[PDB]
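Residue numbers (the authors' numbering), protein chains in the order written: chain E, 14 to 212; chain F, 14 to 210; chain G, 14 to 209; chain A, 14 to 210; chain B, 14 to 214; chain C, 14 to 210; chain D, 14 to 210; chain N, 15 to 198; chain H, 7 to 192; chain I, 15 to 192. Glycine included, every Cβ here is placed at the ideal spot set by N, Cα and C.
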Amino acid sequence: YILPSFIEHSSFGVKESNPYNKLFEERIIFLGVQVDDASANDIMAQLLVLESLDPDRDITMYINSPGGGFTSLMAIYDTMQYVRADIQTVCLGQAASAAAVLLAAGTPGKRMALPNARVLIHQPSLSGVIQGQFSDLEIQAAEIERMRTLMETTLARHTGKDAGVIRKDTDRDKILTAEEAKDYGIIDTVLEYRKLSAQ
Amino acid sequence: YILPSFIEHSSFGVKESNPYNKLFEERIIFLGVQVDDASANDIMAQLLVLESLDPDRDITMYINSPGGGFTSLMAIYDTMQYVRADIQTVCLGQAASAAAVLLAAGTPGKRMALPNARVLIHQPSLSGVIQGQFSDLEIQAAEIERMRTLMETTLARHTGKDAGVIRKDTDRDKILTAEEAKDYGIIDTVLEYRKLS
Amino acid sequence: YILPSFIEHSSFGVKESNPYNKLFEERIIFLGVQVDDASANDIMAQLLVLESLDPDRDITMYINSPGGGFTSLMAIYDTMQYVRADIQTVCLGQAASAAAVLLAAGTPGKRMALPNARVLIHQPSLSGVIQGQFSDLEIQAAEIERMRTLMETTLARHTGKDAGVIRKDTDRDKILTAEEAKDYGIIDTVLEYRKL
Amino acid sequence: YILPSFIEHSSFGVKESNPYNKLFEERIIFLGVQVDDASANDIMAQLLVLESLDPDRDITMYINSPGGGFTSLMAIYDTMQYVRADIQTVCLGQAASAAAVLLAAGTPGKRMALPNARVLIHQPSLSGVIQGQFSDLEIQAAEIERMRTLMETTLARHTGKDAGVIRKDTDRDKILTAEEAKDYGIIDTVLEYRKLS
Amino acid sequence: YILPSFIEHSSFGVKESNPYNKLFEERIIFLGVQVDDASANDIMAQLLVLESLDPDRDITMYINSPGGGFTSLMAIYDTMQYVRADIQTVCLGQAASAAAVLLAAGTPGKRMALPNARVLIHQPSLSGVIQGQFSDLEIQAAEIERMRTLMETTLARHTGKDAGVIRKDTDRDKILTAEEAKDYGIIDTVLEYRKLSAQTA
Amino acid sequence: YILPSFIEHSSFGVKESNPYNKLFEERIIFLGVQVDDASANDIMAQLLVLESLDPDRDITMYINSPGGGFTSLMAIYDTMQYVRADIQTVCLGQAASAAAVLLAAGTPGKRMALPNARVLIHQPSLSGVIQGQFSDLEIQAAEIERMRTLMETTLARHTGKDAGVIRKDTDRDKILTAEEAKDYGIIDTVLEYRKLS
Amino acid sequence: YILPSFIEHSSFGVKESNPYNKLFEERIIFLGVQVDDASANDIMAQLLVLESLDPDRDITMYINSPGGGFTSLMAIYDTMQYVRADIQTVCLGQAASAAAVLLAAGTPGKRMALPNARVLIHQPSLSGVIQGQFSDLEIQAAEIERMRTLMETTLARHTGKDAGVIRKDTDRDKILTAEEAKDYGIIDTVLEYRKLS
Amino acid sequence: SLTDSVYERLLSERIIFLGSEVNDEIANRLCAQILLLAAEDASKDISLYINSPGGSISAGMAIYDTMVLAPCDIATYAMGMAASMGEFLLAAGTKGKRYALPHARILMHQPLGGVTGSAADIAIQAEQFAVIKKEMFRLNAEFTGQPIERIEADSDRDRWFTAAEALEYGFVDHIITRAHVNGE
Amino acid sequence: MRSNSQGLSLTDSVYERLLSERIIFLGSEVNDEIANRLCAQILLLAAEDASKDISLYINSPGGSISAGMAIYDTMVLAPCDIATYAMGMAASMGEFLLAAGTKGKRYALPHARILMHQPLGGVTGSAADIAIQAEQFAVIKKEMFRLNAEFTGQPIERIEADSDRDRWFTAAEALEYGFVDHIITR
Amino acid sequence: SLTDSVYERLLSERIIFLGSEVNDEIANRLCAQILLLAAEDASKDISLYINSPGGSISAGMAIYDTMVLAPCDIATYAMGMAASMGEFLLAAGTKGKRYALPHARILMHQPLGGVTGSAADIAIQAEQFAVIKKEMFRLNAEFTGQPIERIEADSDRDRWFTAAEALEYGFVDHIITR
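Below you can see the structure in the form of structure tokens.
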């Protein structure tokens, strides 16, 4: 509901905006819902547009997502990797499931988290029973195994870890503090607070 | 729920837009929901309008669709083929069912996918029981066999494959990696990443 | 859920529009939902307004409709026939039930379909049980027979077919490819693709 | 519901509108839903406003309504009759129940229908059971008989028919083609098609 | 849903409006829903605003309401009576329950109805069971009797009738034609049609 | 639903507004729903903003509320008391539960009601069962007793009545006419009608 | 449901706003719903934007929240601490659960409450049963102990209390008046009313 | 079961009840009871108490045919209410042995029904309506002795009869009275 | 195992033991279903023994008029006397049936409450239909009053007046109004 | 049925139960059982075990009148919980033969109800409330020996009694022991 808008002074003129837009004006994409197909498109569109508006400047992705569709994950991931610009990933609170992979998928050197951030990794789930003939189910299961090994493959690529190890570690849900996530190779740095009541 | 808008500087003036609109300004149509009738119309309208705004320039279709109505598929398909302009198809994530055929239906040489894209092909389904007199049901079934063989026909046309082979391969759900989809003749190229590193 | 808008340059000024509006600016009406009363009004209003804005120029009607109320059909039909301007009908995908008649009701010479279009014809249905006294039901049934014979009559008028034949052919659902629809006299031409 | 809007050139300026608004700019009111209380107010407001904007010019009422509340009928009716301007009624499609009376209630000489229009007349119904003490129910029933005889009275006034005859004819649902409706005195003329060919 | 808007020419400039707004610009308030609390507030706000914009000019209230909350009735009523300006009440179709009282509560000389209007009067109802301890229920009932006798009192004040008589007549639902309503003292005049054609009569 | 907007002439320019906005422009806050948390915030925000826009001028609060959350009551109350400006409270119809306390909490000399207004006072309720361990429930109950005695305390402060007496009187629901409410010390004056006749 | 907007005079021009926007123009963020993920993002976005618009000026956070997700709490908390600007926290009514920690997490010297404000602290709950294999549940339980000890740790940091003591005190729900909350070290000062009388 | 036990004790007294909406289920049980009773004793009367707001026509004709085909006489008693098929069955009682209790109410009206499907389907349903309506009237005319034109006219809408009025119209032969019993 | 259905269920078994004592109950909303069972029980009892009384205990909030008249007619047509006992509550058709007991043998238990009021109903269809429903209401109302007047000895004008809305009686008041002949006590 | 079979074996021991919400249905079965037992043996006592959260007043008065009119004495036993009509009936037991089990709880409070229609209708409902309330108190005062003013006062809201407190208030004559 209550998301205020505001106005920016200038000599050129006077413009209305939101926080989310202002953020976007600064090449910041906010990834904060469940990674459902709809929202994934919205993210890709944003990525693709930013690249188009200025290919040389960095894109930053703010992450606070409780998780999402493996199906949509790879799309976003490809798009991230694909665009000309560097991607800076920032976990603000939580990066879970899919969102964890994306956090990890930022350009190396530019993956971050706030200190009390929380990264959670887990193999692809499927709640909701899929009903069917055994034939259709074996195909399904095959697909899920592919999807699983692909998630592991791509995490491996970006953490510097062996894929087999990722598989072992993600068999069950795996929760990482920001520090732990750094050790694991999911992020490069942990953001220090920049309060002006520092020195 | 949130999709930011932004503003574009210029000497002529200053304009507000979305990502989707900006995309559209670049002759990119985004195909990302389930291909229900409503959205299909929206796609055709977009196609028809882009052709009208500038018939010589390429139209690009971004695809990330979990699938859709066979009924609407052929409409979009006809429209794609029908307009003056070349159609460039790009699978961003998933192109399933109908969306797979459309991906394939782009103008030759201009069909693409991102590397971890995923194409899925399957014969026309019908969840929901259709109730009725046998007579009405035989007519229905006839229609659905037509629809099936037409899907296969048109895939065959665009992949360079034999229709009978398509039928065999799609009997059951068939999933293709981007590479595999290229081999299959559904796309022409697999997009390489263009990161400056 | 998303339908983009865009902007048109000119020396006179700068205007925002949709696809549907831009289409409308070109005298194209899009008939794409189920022909419920609400949408039928919307169609008539569009027809009537276009006629008013410029009576001499053609109106074109794009059709992709899975079907609709017989009640509303005749209204739209009358309006199409009534207005000064010629009506060009184009089946993009599907023209079913009511929509089929409308497709057929375009001004002769100007009824078209895309090649894989699909026309479906069928006598007036009534899902939903209508409950009532027999007296009220006989009146109802009478009305439905009138409605049926009127649908046939008007199809006959536009296809050049005999009404009795239409009745025989529509007894049961009847599906036509674009080619077949042409033969049947529902459309005049089948659009060829215009790609380069 | 996709209802396009558009723009009108002029030397005075440039204005956005719908079909319904453009229709309203031409003093045409569209009566097309079920005559529920809400929509009836909307109609009256439109009538009252049109009269106010220009009392001497005709108001036209386009009718395609599947029917409605007797309660709201008389209000609209009184308002139609009341305003300074002549009312031109046009049945596009269907004028049922209440909407039939209104059609009939246009100013004489100016009541019309398209050829395949369909007028339906019927005594006031009441679906939904009204529960209650007998005392309350007798009052209710009294009210409904008043309402009935008033509908008949006002139809009689405008068709030139005897009220007793109206009552006989509407006992049960009565359906009129445009031609039949003319004979009955509900409309004055049946619109001929004006196609330039 | 389909309520058209339109535009007004002038030398000062060019403005968009609705019917309802245009009506409001003419100091006409439209009372057409069920008198629930929300809508009552909307009415009072309108009254209070109109008074503020120009205290000397009349406010007109168009009424076509199937009825409403006794709770909100008195608020609207007080506000009507309270504002500086005269209130002109006009029943377009139906004025029921609460709306009837309001119709009646217009400034004398300025209460009207269209000929086939219909006024309905009835004592305060309470659909929905209110559950509770007897103590709480006796309090409730007391309150409803107060509310009942206050409705009658105020109708009496404005019709010129005795309150006891009102009570008798409203014991059960009471329906009035426009003519009958005039006789009853709820409206002052019945509007004659002003069609420019019927004006040979 | 139907809440008209309008336009104000001036030499400085021409502005659109509602009744509620126009009211706000006059430093009038309308308190008319159930005092749920959402709306309470909306009230505080309005209070806090008005104070900010002009600290010296009076703020007026129009009350017609069927009642509300004790939780949100104290917030609004504190805010009312806290801001620089005087608060004028006006009961238009009903001021119930929480709303009654607020009415009473206006600055002394400036608490009013229309003649047929109706004030209702009652101890804090809790519909909805709160389930739990006895430990958690004793804590809850404690909290409710605190909340109760605080309501009484603050009413006592503003009415000039003894708290114990308030408690006796509010044990059960207590309904006050405007006159009675004045006697009780909830309002200072009962508005007389200002009709020019 | 009804939140008025208004207009601000100036020599530079004339602008429309709400209370919430006007508040935001003054670097005041309003925290008034349940701290669900959606709203938490909205808060962070606001914080981050304010810092960006002017890093040296204080940001004020108005709190009236009945409580919220521990998950989102830490995010907001990190963001608060992280931004360049000082954070001023003000409890207007109620600061519960998560909101209490945030109130406490303001920059020292700048944590306040109105006199009848109410702070509530409690260990992390989990309504809704989480179903699962024991293995998955042990991991869950572990997580929730981490989350608990982290809430305590960070409260300890900001109140100057020992974490073990916090744990004891929050074992069960703990309710604090504004005065008590000051003693506890959750706020620095209790706002005095500033009424011009 | 208690209720059943009572109805059973009464069943062995050759007394059966029609006490609700006439469905297939209720009709079949009744037809069975008549079959059963007729088999036990073909000579002795069956008493059929009716307090029913009517119901399925098809289901009611099962009972009717079963009544007609029974070897023994079937006496009908209207108690409280005999409406629609309820009235029909009452009036179908063996002539001279149709009774009304004095404050019973009889309701006669035309058949209800429903219409659905394709226009072809509806045409057929409608044809059946004509046939059924005609037949139901023919029978009611036969039962009552009224002319079919009157049965049709009166049946158009709900037509209510007191016991007295029912007697004169011919639905019923007698009205019963006092503790020491009567007739008309 | 032992001791099942001499009378199938416990509740039923009790009602059965009582039924053989010529004691029947009207304990709920009077529907067709309940009415028919009662009429059956009276028929059954009258056939067992035409001379001996039937006792009819009533604790009912009333119900269907039509269904209630079935019982009434059945009572009236029974050879034997029918004693009525108001216990707890006799309302609407409940009161009616109570008051229809054989004169002199209508009893109230001392804290029983009797409720008299005009019929309720509903109004359904086309205006023609409703006209007819309404005509029936007049007939029924008139008749129900006529009877209550007969039962009680009150004039029909007073029955009409008092019945207009819920009219409550204590046992005492009921005795003097004429619904009931005696109050039990000891 | 098993449950029924147990209740039946007990019934023949002149022991009846009131174990739930007092509706018409439950009341009528109880009244029947008393009628039945009184007819079997007018001299011997009936024992009435009560574990009920109360219920319909009207329905409860059926039982009460039935109890009062019975030839034999009726002993009442409060077990677990006797609330509202539950307490009333308990207290209505024949004087000297009202028992409480030691951890039973008694609840006394004023009647509950509802208010429905037109203002005229509501006026009438309310008039009845006054009558009923007055009467219920009068009786509880009679049963307990307390003055009607105290009954009224105490009944205003939920008033809880332990067995001990109930004994001294006069709801019950004895507490059973071991």
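Item	Value
Can you tell me the Cα-Cα spacing of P161/N and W174/N, whole angstroms?	18 Å
Please state whether DSSP places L63/B in a helix, a strand or coil.	helix
What residues in the stretch 32 to 51 of chain H bring their beta carbon closer than 8 Å to a beta carbon of chain I?	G33, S34
What is the residue span of the alpha helix (DSSP H) that residue 14/N lies within?	Absent from the model: residue 14/N. The displayed extent of chain N is 15 to 198, so no value can be given.
Who are the Cβ neighbours of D71/C in its own chain at under 8 Å, not counting the five residues just before and after it?	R40, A98, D99, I100, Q101, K123
Ordered along the chain, which non-local residues of its own chain (more than five positions away) have a Cβ less than 6 Å from that of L32/H?	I64, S66
Please tell me whether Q160/I has its Cβ less than 8 Å away from any Cβ of chain H.	no
Note the first and the last residue of the continuous beta strand (DSSP E) segment covering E21/F.	19 to 21
So with CB distances below 8 Å, who are the chain H contacts of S148/A?	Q124, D170
Please state the DSSP three-state secondary structure of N37/I.	coil
What first and last residue would you give for the beta strand (DSSP E) that runs through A108/C?	100 to 109
Is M93/I close to chain H, meaning its C-beta is less than 8 Å from at least one C-beta of that chain?	no
Starting from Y183/H, find everything on chain N with Cβ-Cβ shorter than 8 Å and list it in chain order.	The premise fails here: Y183/H is roughly 23 Å from chain N at the closest Cβ pair, so nothing lies under 8 Å.
Beta carbon of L16/H, beta carbon of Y21/I: below 8 Å?	yes
Do you know how far the Cα of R171/N is from the Cα of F83/A?	23 Å
Per DSSP, which residues does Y63/N bridge with? Please list them.	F31/N, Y91/N
Compute the beta-carbon to beta-carbon distance between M122/N and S70/N, rounded to the nearest angstrom, for a pair I have assumed lies under 8 Å.	Wrong, their Cβ atoms sit about 17 Å apart, outside the cutoff.
Run through the DSSP bridge pairs and tell me what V132/A is partnered with.	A108/A, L189/A
Among residues of its own chain, excluding the 5 on either side of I188/E, which ones have a beta-carbon nearer than 6 Å to its beta-carbon?	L133
At the level of alpha carbons, what is the spacing between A176/F and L168/F?	8 Å
With 16 as the cutoff for other CB atoms within 10 Å, does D69/G come out buried or exposed?	exposed
Should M7/H go down as buried or exposed, given a rule of 16 or more other Cβ atoms within 10 Å for buried?	exposed
Can you give the Cα-Cα distance for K181/A and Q136/A, rounded to whole angstroms?	10 Å
One question on the structure: do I136/I and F185/I come within less than 8 Å of each other, judged by their Cβ atoms?	no
Identify every residue that forms a DSSP beta bridge with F43/D.	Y75/D
Are the beta-carbon atoms belonging to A111/G and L86/G less than 8 Å from one another?	yes
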